[PDB]
Amino acid sequence: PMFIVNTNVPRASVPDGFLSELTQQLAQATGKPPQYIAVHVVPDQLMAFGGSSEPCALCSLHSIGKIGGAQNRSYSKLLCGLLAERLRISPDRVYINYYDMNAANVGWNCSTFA
Amino acid sequence: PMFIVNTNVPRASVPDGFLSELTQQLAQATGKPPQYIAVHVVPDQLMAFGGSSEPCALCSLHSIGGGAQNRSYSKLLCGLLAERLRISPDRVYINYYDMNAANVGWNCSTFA
Amino acid sequence: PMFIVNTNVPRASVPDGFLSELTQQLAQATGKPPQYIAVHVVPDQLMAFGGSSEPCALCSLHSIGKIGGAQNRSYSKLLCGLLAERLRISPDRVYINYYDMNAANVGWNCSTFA
Ligand SMILES: [Cl-]
Ligand SMILES: [Cl-]
Ligand SMILES: [Cl-]
């Protein structure tokens, strides 16, 4: 799957190993190898919830088919605390959205060429 | 509603108070209280279109639940975007998306 | 057409005239004039991909028209080398996905309203 984190928290505040930690956590929850897991953390964003520019994060999880619904709740219970504590963000200012990816959409590896 | 602005304008020249201003404008346009509004501005992008790397902004509004609506939204937001970010109006675009109720945003306050 | 490049490569590491070059390559690839090409490079992301935080580029091309394998292949042949060489990324860490744009999704220009 692909986990994306948009946040207004400064780049320097993102702890070292946080990417590896997210990857390991997703790999733990899914039983899927770290090899096919992708994670994007985008800091230094200009964001506001309700006009408030306090530390916050809008996150999106993209997986094949639909390992969600209740697994959405599961994923939330798995990721929310980690995000909130690592990024110094209040839990009520972290949002996670879940999307279904199209399995038939083929990603092209450039090593076949170039 | 969530409003996203992708721009190649440097973060420093994004006016202080622009997020609040955008929030209130969206509150008027959508008719929803600011608490339900999220604004996401992405500066310092490398962007080009129309054969030019001049200042520009590609924006998107995502909300739960029409062309007329999109038009009125554009009328309400365009001037603010163009003037505040110092971008020529013809280099500001806005797309509108109806958000699928399955699924919306899950807040983490309930969980850990 | 709209080409998006998500990369962990620093913004300062992106060579002068890269957007112009990409625009020309994309216009040759899509057979549309350069003026119709849109390019969005999103650098300085914190990306782990395949369990690695080494330089990488996850790209997407959005264009109106049916998604075809041969066309995607030709696109990749045209784009991969340019991306890898210009951004100094290993070709096996550059990926391109191809998406069919919804023609009924109208982009509103603000010159009409400002
Ligand atoms: Cl502000
Ligand atoms: Cl009409
Ligand atoms: Cl070919």
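Since chain B takes its numbers from Swiss-Prot, the residues it shows come out as 2-66, 69-115.
Using the three backbone atoms N, Cα and C, a Cβ is placed for every residue, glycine included.
Per Swiss-Prot, these features apply:
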- B:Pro2: active site, proton acceptor (ACT_SITE)
- B:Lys33, B:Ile65, B:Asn98: substrate binding site (BINDING)
- B:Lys78: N6-succinyllysine (MOD_RES)
- B:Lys78: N6-acetyllysine (MOD_RES)
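Annotated features taken from Swiss-Prot, shown on the structure.
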residue : record                       : contacts (Cβ under 8 Å, 6+ apart)
B:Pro2  : active site, proton acceptor : B:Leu27, B:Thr31, B:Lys33, B:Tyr37, B:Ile38, B:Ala39, B:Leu62, B:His63, B:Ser64, B:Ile65
B:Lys78 : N6-succinyllysine            : none
B:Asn98 : substrate binding site       : B:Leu59, B:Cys60, B:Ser61, B:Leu62
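Chain C lies within reach of none of the recorded positions B:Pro2, B:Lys33, B:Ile65 when a CB-CB distance under 8 A is required. Reduced to three states, the DSSP call for B:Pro2 (active site, proton acceptor) is coil. The Cβ neighbour count for B:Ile65 (substrate binding site), using a 10 Å radius and every protein chain shown, is 11.
For the 2-residue gap in the deposited structure, the Cα of B:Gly66 and the Cα of B:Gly69 are 10 Å apart, rounded to a whole number.
Across B:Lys33, B:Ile65, B:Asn98, which the record gives as binding substrate, the greatest C-alpha separation is 19 Å.
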